[PDB]
Amino acid sequence: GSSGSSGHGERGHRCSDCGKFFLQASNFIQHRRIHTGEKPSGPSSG
Ligand SMILES: [Zn+2]
């Protein structure tokens with residue numbers, strides 16, 4: 001149904017892979033990497 005990523009939060013940066021929170025973009029970027037590596041059987045990167 002009509003729905004998606006509303007977000008609308010210009011306060012820090014929250015992760016979607018795990019669900020954490022950050023304040024410094026950089027710190028938020030170096031965090032999204034930890035997830036970058038292995039992928040679950042099924043959905044592959046394109
Ligand atoms: Zn994360």
# chains A, B, ... in the order shown; residues from 1 in each chain; ligands from 1

call {"tool": "residues_around", "arguments": {"residues": "residue 32 in chain A", "least_positions_apart": "4", "cutoff": "12 Å", "atoms": "only C-alpha atoms", "output": "count of residues only"}}
result
16

call {"tool": "atom_distance", "arguments": {"atom1": "CA of residue 33 in chain A", "atom2": "CA of residue 45 in chain A"}}
result
14.4 Å

call {"tool": "select_by_dssp", "arguments": {"residues": "chain A", "states": "alpha helix (DSSP H)", "output": "PyMOL selection string"}}
result
chain A and resi 25-35

call {"tool": "atom_distance", "arguments": {"atom1": "atom 1 (Zn, counted along the ligand's line) of ligand 1", "atom2": "CA of residue 30 in chain A"}}
result
9.5 Å

call {"tool": "closest_residue", "arguments": {"among": "A:24, A:31, A:46, A:40", "to": "ligand 1", "atoms": "only C-alpha atoms and all ligand atoms"}}
result
A:31

call {"tool": "closest_residue", "arguments": {"among": "A:1, A:10, A:34, A:44", "to": "ligand 1", "atoms": "only C-alpha atoms and all ligand atoms"}}
result
A:34

call {"tool": "closest_residue", "arguments": {"among": "A:29, A:7, A:12, A:39", "to": "ligand 1", "atoms": "only C-alpha atoms and all ligand atoms"}}
result
A:29
